[PDB]
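To start, the structure under review is shown below, and the notes come after it.
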Amino acid sequence: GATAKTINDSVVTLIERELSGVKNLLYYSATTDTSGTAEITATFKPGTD
Amino acid sequence: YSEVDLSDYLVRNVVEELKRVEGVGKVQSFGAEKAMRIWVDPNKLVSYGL
Amino acid sequence: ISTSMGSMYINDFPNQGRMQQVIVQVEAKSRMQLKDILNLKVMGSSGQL
């Protein structure tokens with residue numbers, strides 16, 4: 001029941017700030033739509049379990 | 001810019017981007033971001049029954 | 001006694017596009033000496049404080 005902005009300001013960035021600290025990380029990205037779901041993908045460097 | 005402004009900027013735009021550098025293990029910021037502070041006076045509270 | 005010295009975090013607010021904490025704490029002048037804490041008043045059964 002929330003707009004994309006609300007889920008981006010209150011959920012995506014908060015979770016992303018900690019996600020930035022994981023080991024062996026190549027990059028991270030996040031996406032939010034009007035459907036009410038936020039999806040974050042974290043790609044790690046080659047050879048990481 | 002005062003100390004609070006510098007610390008807020010460091011937390012907002014530096015700490016996260018400074019940990020994107022390879023080899024950076026831990027980042028410890030000796031500062032805090034801005035916040036809304038409500039400094040309450042108990043004497044004034046009791047005078048209103050709150 | 002519990003809310004006379006420490007800080008209390010309630011919720012977040014939007015400051016210039018970022019979620020920032022809201023903290024309610026007693027004024028500094030009223031949390032410095034034992035006299036300040038010992039001057040706190042509560043209502044009893046009677047109207048007196």
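Lettering and numbering for the structure tokens are positional, with chains as A, B, ... in the shown order, residues counted from 1 in each chain, and ligands counted from 1 in the shown order.
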
Compile the contact shell of residue 5 (chain B) as a list in words: residues with an atom at most 12 Å away, counting only C-alpha atoms, same-chain residues fewer than 6 positions apart removed.
residues 11, 12, 13, 31, 32, 33, 34 and 35 of chain B

Keeping N, CA, C and O atoms, export the residues of the selection given above as a compact mmCIF listing (two decimals), in the first residue's frame.
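Result file part.txt:
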# COMPACT_ATOMS: atom_id res chain seq x y z
N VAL B 11 29.02 11.28 6.96
CA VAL B 11 28.20 10.08 7.07
C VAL B 11 27.38 9.87 5.79
O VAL B 11 27.27 8.75 5.29
N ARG B 12 26.81 10.95 5.26
CA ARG B 12 25.87 10.82 4.15
C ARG B 12 26.57 10.43 2.85
O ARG B 12 26.13 9.50 2.16
N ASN B 13 27.66 11.12 2.50
CA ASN B 13 28.21 11.06 1.15
C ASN B 13 29.63 10.53 1.07
O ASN B 13 30.19 10.49 -0.03
N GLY B 31 31.80 10.64 14.09
CA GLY B 31 30.82 11.69 13.90
C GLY B 31 29.45 11.08 13.77
O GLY B 31 29.29 9.87 13.61
N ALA B 32 28.44 11.95 13.82
CA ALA B 32 27.05 11.52 13.77
C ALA B 32 26.30 12.37 12.76
O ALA B 32 26.62 13.53 12.53
N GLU B 33 25.27 11.76 12.17
CA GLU B 33 24.42 12.46 11.23
C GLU B 33 23.43 13.35 11.98
O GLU B 33 23.22 13.23 13.19
N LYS B 34 22.80 14.27 11.23
CA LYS B 34 21.86 15.19 11.83
C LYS B 34 20.59 14.47 12.27
O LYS B 34 20.22 13.43 11.73
N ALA B 35 19.93 15.04 13.28
CA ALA B 35 18.72 14.47 13.84
C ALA B 35 17.87 15.58 14.45
O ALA B 35 18.36 16.69 14.70

May I ask you to extract the residues of chain B within 7 Å of chain C, using only C-alpha atoms, and to give them as a short mmCIF file (atom, residue, chain, number, x, y, z; two decimals) with N, CA and C atoms, in the first residue's frame?
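Once written, iface-v2.cif looks like this:
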data_model
loop_
_atom_site.label_atom_id
_atom_site.label_comp_id
_atom_site.auth_asym_id
_atom_site.auth_seq_id
_atom_site.Cartn_x
_atom_site.Cartn_y
_atom_site.Cartn_z
N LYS B 34 22.80 14.27 11.23
CA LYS B 34 21.86 15.19 11.83
C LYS B 34 20.59 14.47 12.27
N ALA B 35 19.93 15.04 13.28
CA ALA B 35 18.72 14.47 13.84
C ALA B 35 17.87 15.58 14.45
N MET B 36 16.60 15.27 14.68
CA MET B 36 15.68 16.22 15.30
C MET B 36 15.70 16.02 16.81
N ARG B 37 16.24 17.00 17.53
CA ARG B 37 16.43 16.90 18.97
C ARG B 37 15.34 17.69 19.68
N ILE B 38 14.67 17.04 20.63
CA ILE B 38 13.66 17.66 21.48
C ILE B 38 14.20 17.68 22.90
N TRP B 39 14.65 18.85 23.35
CA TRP B 39 15.20 19.03 24.69
C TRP B 39 14.06 19.49 25.60
N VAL B 40 13.62 18.60 26.47
CA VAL B 40 12.41 18.81 27.26
C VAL B 40 12.79 19.38 28.62
N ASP B 41 11.90 20.22 29.16
CA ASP B 41 12.08 20.80 30.48
C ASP B 41 11.11 20.13 31.45
#

Quick one: everything within 12 Å of residue 18 (chain A), counting only C-alpha atoms, minus sequence neighbours fewer than 3 positions away in the same chain. Send it as a PyMOL selection string.
(chain A and resi 11-15+21-23+28+42) or (chain B and resi 15-16+19+26-27)

With C-alpha atoms retained, write the just-selected residues as a PDB file, in the first residue's frame.
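File produced: result_13.pdb:
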ATOM      1  CA  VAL A  11      13.587   0.386   3.125  1.00  0.00           C
ATOM      2  CA  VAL A  12      15.932   0.212   0.143  1.00  0.00           C
ATOM      3  CA  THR A  13      18.573   2.672   1.349  1.00  0.00           C
ATOM      4  CA  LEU A  14      18.497   1.499   4.972  1.00  0.00           C
ATOM      5  CA  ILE A  15      19.162  -2.130   3.949  1.00  0.00           C
ATOM      6  CA  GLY A  21      29.776  -3.697   3.871  1.00  0.00           C
ATOM      7  CA  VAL A  22      29.602  -7.371   2.872  1.00  0.00           C
ATOM      8  CA  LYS A  23      32.850  -9.075   1.888  1.00  0.00           C
ATOM      9  CA  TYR A  28      24.896  -3.983  -5.641  1.00  0.00           C
ATOM     10  CA  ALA A  42      24.188  -8.079  -4.851  1.00  0.00           C
TER      11      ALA A  42
ATOM     12  CA  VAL B  15      31.425   6.710   4.466  1.00  0.00           C
ATOM     13  CA  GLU B  16      29.351   4.583   2.088  1.00  0.00           C
ATOM     14  CA  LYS B  19      33.916   1.683   1.548  1.00  0.00           C
ATOM     15  CA  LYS B  26      36.180  -1.417   8.303  1.00  0.00           C
ATOM     16  CA  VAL B  27      35.176   2.254   8.429  1.00  0.00           C
TER      17      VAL B  27
END

Going by DSSP on the backbone, which residues of chain C come out as helix (DSSP H, G or I)? List them as a ChimeraX atom specification.
/C:28-30,34-38

Backbone DSSP call of strand (DSSP E) for region 5-35 of chain C, listed as a PDB file with N, CA, C and O atoms, in the first residue's frame:
ATOM      1  N   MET C   8      15.739   9.044  24.227  1.00  0.00           N
ATOM      2  CA  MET C   8      14.701   8.173  23.692  1.00  0.00           C
ATOM      3  C   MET C   8      14.561   8.437  22.201  1.00  0.00           C
ATOM      4  O   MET C   8      14.447   9.594  21.783  1.00  0.00           O
ATOM      5  N   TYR C   9      14.739   7.455  21.341  1.00  0.00           N
ATOM      6  CA  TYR C   9      14.503   7.556  19.880  1.00  0.00           C
ATOM      7  C   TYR C   9      13.075   7.106  19.575  1.00  0.00           C
ATOM      8  O   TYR C   9      12.781   5.994  19.963  1.00  0.00           O
ATOM      9  N   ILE C  10      12.278   7.877  18.825  1.00  0.00           N
ATOM     10  CA  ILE C  10      10.857   7.682  18.554  1.00  0.00           C
ATOM     11  C   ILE C  10      10.654   7.164  17.136  1.00  0.00           C
ATOM     12  O   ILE C  10      10.143   6.056  16.938  1.00  0.00           O
ATOM     13  N   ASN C  11      11.050   7.955  16.142  1.00  0.00           N
ATOM     14  CA  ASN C  11      10.838   7.595  14.748  1.00  0.00           C
ATOM     15  C   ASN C  11      11.732   8.467  13.875  1.00  0.00           C
ATOM     16  O   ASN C  11      12.548   9.249  14.372  1.00  0.00           O
ATOM     17  N   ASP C  12      11.571   8.324  12.563  1.00  0.00           N
ATOM     18  CA  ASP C  12      12.378   9.030  11.580  1.00  0.00           C
ATOM     19  C   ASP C  12      11.549  10.103  10.886  1.00  0.00           C
ATOM     20  O   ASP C  12      10.318  10.034  10.833  1.00  0.00           O
ATOM     21  N   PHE C  13      12.244  11.099  10.355  1.00  0.00           N
ATOM     22  CA  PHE C  13      11.630  12.176   9.595  1.00  0.00           C
ATOM     23  C   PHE C  13      12.484  12.466   8.373  1.00  0.00           C
ATOM     24  O   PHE C  13      13.686  12.177   8.363  1.00  0.00           O
ATOM     25  N   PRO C  14      11.888  13.028   7.314  1.00  0.00           N
ATOM     26  CA  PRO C  14      12.671  13.368   6.120  1.00  0.00           C
ATOM     27  C   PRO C  14      13.378  14.709   6.233  1.00  0.00           C
ATOM     28  O   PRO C  14      12.731  15.759   6.304  1.00  0.00           O
ATOM     29  N   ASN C  15      14.707  14.681   6.252  1.00  0.00           N
ATOM     30  CA  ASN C  15      15.540  15.878   6.235  1.00  0.00           C
ATOM     31  C   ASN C  15      16.296  15.898   4.913  1.00  0.00           C
ATOM     32  O   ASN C  15      17.149  15.037   4.666  1.00  0.00           O
ATOM     33  N   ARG C  18      16.614  12.545   3.225  1.00  0.00           N
ATOM     34  CA  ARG C  18      17.140  11.395   3.948  1.00  0.00           C
ATOM     35  C   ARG C  18      16.339  11.167   5.220  1.00  0.00           C
ATOM     36  O   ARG C  18      15.894  12.112   5.872  1.00  0.00           O
ATOM     37  N   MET C  19      16.163   9.897   5.576  1.00  0.00           N
ATOM     38  CA  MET C  19      15.501   9.534   6.819  1.00  0.00           C
ATOM     39  C   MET C  19      16.467   9.744   7.978  1.00  0.00           C
ATOM     40  O   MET C  19      17.526   9.111   8.031  1.00  0.00           O
ATOM     41  N   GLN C  20      16.102  10.632   8.902  1.00  0.00           N
ATOM     42  CA  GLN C  20      16.944  10.952  10.044  1.00  0.00           C
ATOM     43  C   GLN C  20      16.162  10.742  11.331  1.00  0.00           C
ATOM     44  O   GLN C  20      14.947  10.949  11.381  1.00  0.00           O
ATOM     45  N   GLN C  21      16.877  10.332  12.374  1.00  0.00           N
ATOM     46  CA  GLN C  21      16.241   9.947  13.624  1.00  0.00           C
ATOM     47  C   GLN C  21      15.682  11.161  14.360  1.00  0.00           C
ATOM     48  O   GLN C  21      16.138  12.294  14.181  1.00  0.00           O
ATOM     49  N   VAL C  22      14.677  10.905  15.194  1.00  0.00           N
ATOM     50  CA  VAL C  22      14.088  11.906  16.076  1.00  0.00           C
ATOM     51  C   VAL C  22      14.335  11.446  17.505  1.00  0.00           C
ATOM     52  O   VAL C  22      13.903  10.353  17.894  1.00  0.00           O
ATOM     53  N   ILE C  23      15.023  12.273  18.290  1.00  0.00           N
ATOM     54  CA  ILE C  23      15.427  11.920  19.645  1.00  0.00           C
ATOM     55  C   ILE C  23      14.833  12.936  20.611  1.00  0.00           C
ATOM     56  O   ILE C  23      14.943  14.149  20.393  1.00  0.00           O
ATOM     57  N   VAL C  24      14.209  12.434  21.673  1.00  0.00           N
ATOM     58  CA  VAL C  24      13.648  13.253  22.741  1.00  0.00           C
ATOM     59  C   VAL C  24      14.463  12.979  23.998  1.00  0.00           C
ATOM     60  O   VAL C  24      14.586  11.824  24.424  1.00  0.00           O
ATOM     61  N   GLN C  25      15.020  14.033  24.590  1.00  0.00           N
ATOM     62  CA  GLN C  25      15.816  13.897  25.802  1.00  0.00           C
ATOM     63  C   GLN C  25      15.551  15.087  26.710  1.00  0.00           C
ATOM     64  O   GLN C  25      15.124  16.153  26.263  1.00  0.00           O
ATOM     65  N   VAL C  26      15.804  14.889  28.004  1.00  0.00           N
ATOM     66  CA  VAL C  26      15.652  15.980  28.956  1.00  0.00           C
ATOM     67  C   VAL C  26      16.697  17.058  28.681  1.00  0.00           C
ATOM     68  O   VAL C  26      17.798  16.793  28.183  1.00  0.00           O
TER      69      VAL C  26
END
